[PDB]
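**Q**
There are 2 protein chains.
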Amino acid sequence: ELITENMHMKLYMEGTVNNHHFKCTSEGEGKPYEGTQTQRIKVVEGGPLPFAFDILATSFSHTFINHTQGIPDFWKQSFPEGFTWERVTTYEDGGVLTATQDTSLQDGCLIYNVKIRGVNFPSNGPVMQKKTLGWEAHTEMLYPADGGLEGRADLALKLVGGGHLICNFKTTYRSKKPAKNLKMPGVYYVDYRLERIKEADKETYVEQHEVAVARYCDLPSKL
Amino acid sequence: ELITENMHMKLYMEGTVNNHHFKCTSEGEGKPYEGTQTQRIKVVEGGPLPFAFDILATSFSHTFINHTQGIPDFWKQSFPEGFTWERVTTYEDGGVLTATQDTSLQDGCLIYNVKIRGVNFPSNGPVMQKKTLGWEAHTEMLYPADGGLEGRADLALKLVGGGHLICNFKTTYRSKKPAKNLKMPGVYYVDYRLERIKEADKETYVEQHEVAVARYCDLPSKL
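Structure (structure tokens):
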């Protein structure tokens with residue numbers, strides 16, 4: 003009821019990657035129950051970025070996940086109080102990006118605030134050389150833990166030339182609404198497909214779209 | 003032709019975890035194209051093990070994955086010569102288990118040889134204290150790299166008390182057949198459900214079952 007069939011969002015982001023400071027803002031809309039959303043993003047300070055915009059892509066929205074098979078929706082249930090996440094992303098060539106995010110509801114509009122810190126991206130790597138070409142689809146495994154919700158995923162960033170650079174995600178999701186009012190799920194999975202739809206002016210403007218669907222493992226069980 | 007609708011398997015394993023040496027053997031059967039299999043495992047030396055048998059479970066069979074949607078089957082394609090894999094498993098509480106495996110084929114029987122080295126499992130952790138209760142379903146992401154196939158997964162080990170201990174898998178699979186005769190796959194995923202069906206004598210006998218399916222991401226694409 004606080005989350006309708008069509009919702010809007012605004013986001014602010016600040017951070018540093020390899021000592022380069024930056025800020026972005028975005029505005030967007032999506033269909034939270036169909037698991038689809040679009041954001042239009044502007045780099046408002048520090049642009050154009052000296053690194054691939056792709057490494058920020060996954061920091062720009067778990068309210069827009071289509072929960073199928075009757076799975077309890079941890080995020081849509083956190084409102085009106087909303088929720089937070091904290092994440093560490095570790096690239097296999099040494100880059101490390103940590104992000105913290107707060108999600109709120111204000112005037113029927115979702116509001117995101119994100120802080121980012123990236124270090125040790127190799128100066129001759131594809132991130133710093135801007136030889137990346139977006140993310141492959143990926144699956145996140147989610148499991149209840151210490152009141153919150155933990156997520157784990159491995160993602161592959163496409164490269165110029167056809168190879169991939171791998172990174173690992175460890176995330177912690179926390180509700181701001183009293184646990185008493187939270188029906189926790191069990192272990193389940195979310196498939197994502199995050200796609201760059203448009204970029205302009207050396208990635209100082211980026212339009213991104215995402216579809217996400219929560220599901221169980223549908224393999225038969227003998228137990 | 004070489005891989006039939008119904009196949010048997012035999013396995014030998016030797017290794018050391020936290021300085022404790024052991025050997026196991028198993029006999030099994032499954033349906034390679036349906037992606038199902040069962041193994042009956044014996045610890046024949048160093049048993050009962052002073053650690054959870056669960057950490058060995060994933061080292062006991067990629068020929069038995071149901072490949073859908075025309076996805077080229079790296080493993081089934083590798084025969085008669087077969088394939089090897091080498092894996093590093095890193096637990097979030099410090100345990101590291103590395104494993105090397107050779108798969109061959111003889112008399113229509115798959116033959117597995119595994120060597121294991123486990124170190125730094127915390128003496129008071131759930132592995133060494135045997136407070137584990139089996140593995141949740143998991144997804145492995147696979148992609149071609151430098152003439153072989155890479156796999157990445159995060160897995161959740163269930164614990165007495167209801168929580169989980171997470172570990173990350175990095176695996177390299179290599180065909181023992183000349184590349185000339187192998188069609189490589191693009192990025193794709195395999196979902197696994199590995200279940201303990203029986204144990205006897207403090208896990209010195211263990212019956213395990215697995216079902217595994219290869220897939221792409223079914224999510225619609227905007228691009």
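These protein sequence lines map, in sequence, to chains B and A. Under PDB author numbering, the residues of the first sequence are numbered 3 to 62, 66 to 228, in order. Under PDB author numbering, the residues of the second sequence are numbered 3 to 62, 66 to 228, in order. No residue lacks a Cβ here, since even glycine has one placed at the ideal position from N, Cα and C.
(1) Between the beta-carbon of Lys25/A and the beta-carbon of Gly48/A, is there less than 8 Å?
(2) Compute the Euclidean distance between the alpha carbons of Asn125/A and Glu3/A, then round it to the nearest angstrom.
(3) Using a Cβ-Cβ cutoff of less than 7 Å, which residues in the same chain neighbour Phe84/A once the five nearest sequence positions on both sides are dropped?
(4) What is the DSSP secondary structure of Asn71/A, reduced to helix, strand or coil?
(5) Just the C-alpha distance for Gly156/B and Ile43/B, rounded to the nearest angstrom, thanks.
(6) Report the rounded CA-to-CA distance for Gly32/B versus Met15/B, giving the unit in angstroms.
(7) Can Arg92/A and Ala142/A be called in contact, C-beta distance under 8 Å?
(8) Cβ of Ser226/B less than 8 Å from any chain A Cβ?
(9) Taking only the alpha-carbon atoms, compute the straight-line gap between residue 242/B and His23/A and give it to the nearest angstrom.
(10) Kindly indicate which residue of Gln41/B, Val46/B, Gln106/B has the alpha-carbon position closest to the one of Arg122/B.
(11) The ligand HEM and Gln106/B: does any heavy atom of the ligand fall closer than 7 Å to the residue's C-beta?
(12) Give, in chain order, every unbroken run of the beta strand (DSSP E) that is at least 3 residues long and sits entirely within the region 153-210 of chain A.
(13) Count the other C-beta atoms from every protein chain shown that fall within 10 angstroms of the C-beta of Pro50/B, then say buried if there are 16 or more, exposed otherwise.
(14) Between which residues of its own chain and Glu208/A is the CB-CB distance below 6 Å, once the five residues before and five after are set aside?
(15) Can you find the residues in the same chain that come closer than 8 Å, C-beta to C-beta, to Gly153/A, ignoring five residues on each side of it along the sequence?
(16) For a test of the three-state rule: what should DSSP assign to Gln82/A, helix, strand or coil?
(17) Enumerate in chain order the residues of its own chain whose CB-to-CB distance from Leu170/B is below 7 Å, with the five nearest sequence positions on each side excluded.
(18) Residues bridged to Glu47/B by DSSP?
(19) Check the Cβ of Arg220/B against every Cβ in chain A and list those closer than 7 Å, keeping chain order.
(20) Taking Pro183/A as the reference, which of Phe79/A, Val46/A, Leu58/A has the closest Cα?
(21) What does the Cβ neighbour count give for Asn71/B, buried or exposed, with the cut at 16 atoms within 10 Å?
**A** In short:
(1) yes
(2) 44 Å
(3) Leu4, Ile5, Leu110
(4) strand
(5) 25 Å
(6) 19 Å
(7) no
(8) yes
(9) With chain B running from 3 to 228 in the structure shown, residue 242/B is simply not present.
(10) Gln106/B
(11) The model depicted lacks the ligand HEM and carries no ligand whatsoever.
(12) 153-164, 169-180, 193-205
(13) exposed
(14) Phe55
(15) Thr177, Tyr178, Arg179, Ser180
(16) helix
(17) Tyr96, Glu97, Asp98, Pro131, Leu162, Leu164
(18) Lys25/B
(19) Correct list: empty, because the minimum Cβ distance to chain A is about 10 Å.
(20) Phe79/A
(21) buried
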